[PDB]
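Inspection log for the structure reproduced underneath, given as structure tokens.
Cβ sites come from the backbone with ideal geometry, for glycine too, and all protein chains shown count toward neighbours. What follows is calculated from the coordinates using simple rules that are stated; it is not laboratory data.
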Amino acid sequence: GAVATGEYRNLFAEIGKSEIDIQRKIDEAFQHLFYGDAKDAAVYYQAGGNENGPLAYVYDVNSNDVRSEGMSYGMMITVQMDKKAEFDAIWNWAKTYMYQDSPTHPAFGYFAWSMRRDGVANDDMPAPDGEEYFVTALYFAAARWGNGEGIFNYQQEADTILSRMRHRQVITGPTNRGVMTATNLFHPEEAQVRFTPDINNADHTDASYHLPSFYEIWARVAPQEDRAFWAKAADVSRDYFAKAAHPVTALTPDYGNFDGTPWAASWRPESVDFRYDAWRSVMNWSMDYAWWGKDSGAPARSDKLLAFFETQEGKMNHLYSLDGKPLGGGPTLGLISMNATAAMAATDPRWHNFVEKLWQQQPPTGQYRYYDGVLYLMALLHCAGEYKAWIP
Ligand SMILES: O[C@@H]1[C@@H](O)[C@H](O[C@@H]2CO[C@@H](O)[C@H](O)[C@H]2O)OC[C@H]1O
């Protein structure tokens, strides 16, 4: 695995691209998304500052809301790209405005998943893959830059947040939406991330939230009393992808049950299909395989998913039944980008075509560029051999 060797595959170099052109492609994507035209290209906004220095956020330009996921992805992108100033400004806004510090609030220890640009929460409850990326990005920051003090003691922040994600108690109290009850972010017996800590829907998961590549980091550097739990979560997630991904297409549903079956949310029953969340599952298991080499099923799964998408050439949808029926939409940059990341584990040389398709793309513009753009820039970093485990 790359962590053992320190050698991360440069999949773009493997399909013949020069290092100068790979650097240009990543820098163009960063400059567009972080510093491009505010109305058409950028998803990052400089939002003044406070006692900790500059504030900034990554946001969904469509709804015009800040998302905890996009903040956490901005932190991961910026630490992988050695962009400390941008990292610190995003983290300052997330910790200042999104993090719930009241111990009587049911979201204590968690980041509001959806927040207006003025800091008014739409929902105090979290999207738990945001927390997973925040903690990991903070550990990576500690490793690359060393720890600062206060909110910039990245390792201390990560330890405290991650401990509370596991050990949170049930809290009932007032929220922006009325009285709510929430629990921990990982089920203590299943050792799986929840879709939500809201007690009304807590005993569910989401395959795209399963991040065994990161749980292995936490198994090494988290508070000692939790390391066995995070190690377990990594093994459970590898088993989860084996059960949750269709046996023929390797498509996963957006939302799921702990036993691997798809879950139809009452408010979103189409969550049983492969949609916007599920795009990411293949990145998660392929990254885990490339880093750690433990998910013995990952190569075949990535091969099945790329074989399936090869049947869709010239008629690509972005919504599918798990058995591979197209359910609508055309090609998206986010799905192209995630499919390319399957090459971190695929064995069949059709993966070349998927990495080449990502290489051919341009940075996204217009109303849907937030999800397309964060996935694009993460996929470019993975495929350039520039998305690494920075272990403190
Ligand atoms: O109260 C809970 C809501 O907070 C939860 O909202 C979800 C949070 O993650 C987002 O990615 C989803 O889009 C959003 O629906 O839904 C479940 C409910 O119990």
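Say a paramagnetic label sat at a point 7 Å from the Cα of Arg350, along Cα to Cβ; which residues of region 274-311 have their backbone N under 14 Å from it?
From region 274-311, the list is 300-311.
Between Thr261, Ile217, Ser163, whose Cα lies farthest towards the positive end of the dipole of region 1-385 when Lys and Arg beta carbons carry +1 and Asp and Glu beta carbons carry -1, centred on the Cα centre?
The residue sitting most towards the positive pole is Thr261.
Rank the residues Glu69, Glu190 as a footprinting-exposure proxy: fewest other Cβ atoms within 10 Å of their Cβ go first. Walk me through the intermediate numbers first.
Details: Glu69 27, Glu190 17.
Arranged by neighbour count, lowest to highest, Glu69, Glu190 become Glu190, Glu69.
Between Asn257, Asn62, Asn317, where does the largest GNM mean-square fluctuation fall for the chain, given springs only between Cα atoms within less than 10 Å?
Between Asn257, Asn62, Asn317, it is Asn62 that shows the largest mean-square fluctuation.
What is the distance, in nm, between label points placed 7 Å from the Cα along the Cα-to-Cβ direction at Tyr276 and at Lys84?
3.5
Going out from 0 in 10 Å bins, what whole percent of all Cα-Cα distances in region 1-385 drops into each bin?
5, 24, 36, 27, 7, 0
Note the full-extension length gain between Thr104 and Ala4 as 0.36 nm times their separation in residues minus their Cα-Cα distance, in nm to one decimal. Don't skip to the end; give the middle numbers.
Numbers: separation 100, 0.36 × 100 = 36.00 nm, distance 4.33 nm.
That works out to 31.7 nm of additional length.
Mean residue ellipticity at 222 nm from the helices of the chain, using -39,500 (n - 2.57) per DSSP H segment of n ≥ 4 over the full residue count, to the nearest 500 deg cm²/dmol? Provide the component values of the computation, followed by the final result.
Values: 14 runs with 167 residues, N = 392.
About -13000 deg cm²/dmol.
Using the beta-carbon distance between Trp267 and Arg164 and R0 = 35 Å, what value does 1/(1 + (r/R0)^6) give for FRET efficiency, to the nearest 0.05? Numbers along the way, then the final one.
Working: r = 27 Å, r/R0 = 0.78.
It comes to 0.80.
Return the FRET efficiency for the residue pair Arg144, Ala228: r is the Cβ-Cβ distance, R0 is 22 Å, and the value is rounded to the nearest 0.05. Display every interim value, and only then the final one.
Working: r = 27 Å, r/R0 = 1.22.
In this case the efficiency is close to 0.25.
Would you mind ranking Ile391, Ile15, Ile217, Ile22 so that the residue whose beta carbon has the fewest other beta carbons within 10 Å leads the list?
Ordered by Cβ neighbours within 10 Å, fewest first: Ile391, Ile15, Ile22, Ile217.
Rounded, prolate or oblate: which fits region 306-371 when a ≥ b ≥ c are the square roots of the eigenvalues of the alpha-carbon gyration tensor, with rounded for a/c under 1.5 and prolate only if a/b beats b/c? Please list the in-between numbers first.
Details: a/c = 2.00, a/b = 1.12, b/c = 1.78.
Since a/c reaches 1.5 but b/c is at least a/b, the shape of region 306-371 is classed as oblate.
Using a cut-off of 12 Å between beta-carbons, work out the net charge of the residues near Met125 (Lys and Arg +1, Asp and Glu -1, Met125 not included).
Numbers: positive: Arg177, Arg194; negative: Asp123, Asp124, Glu131, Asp198.
Net of charged neighbours comes to -2.
For the chain, with a Gaussian network of springs between Cα atoms less than 10 Å apart, report the residue from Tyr320, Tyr133, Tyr289 with the top mean-square fluctuation.
Greatest mean-square fluctuation among the candidates belongs to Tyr320.
Over the chain, calculate the relative contact order: mean separation of alpha carbon pairs under 8 Å at least 6 apart, over the residue count, as a percent.
Details: 797 pairs, mean separation 68.4, N = 392.
The value is 17 percent.
Given charges of +1 on the Cβ of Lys and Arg and -1 on the Cβ of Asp and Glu, with all other atoms neutral, how large is the dipole of region 1-385 about its Cα centre, in debye to the nearest 20? Can you show the working numbers first?
Details: 33 positive and 49 negative charges, 51 e Å.
With only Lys, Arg, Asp and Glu charged at Cβ, the dipole is about 240 debye.
Quick check for you: which residues of region 238-272 have the amide N under 20 Å from the point 7 Å beyond the Cα of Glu189 toward its beta carbon?
Under 20 Å, as judged by backbone N against the label point of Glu189, lie 239-240, 256-263 of region 238-272.
Given the pairs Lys83/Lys357; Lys315/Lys357; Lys83/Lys388; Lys25/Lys357; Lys304/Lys325, which are separated by over 18 angstrom at their Cα positions? Kindly include the intermediate steps, with their values, before the conclusion.
Details: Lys83/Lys357 27 Å; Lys315/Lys357 15 Å; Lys83/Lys388 14 Å; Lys25/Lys357 13 Å; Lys304/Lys325 15 Å.
Violating the 18 Å Cα-Cα cut-off are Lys83/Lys357.
Using the number of other C-beta atoms within 10 angstrom as an exposure proxy, rank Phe12, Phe111, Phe152 with the fewest first. List each step's numbers first, then the result.
On the way: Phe12 25, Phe111 28, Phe152 22.
Arranged by neighbour count, lowest to highest, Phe12, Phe111, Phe152 become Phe152, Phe12, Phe111.
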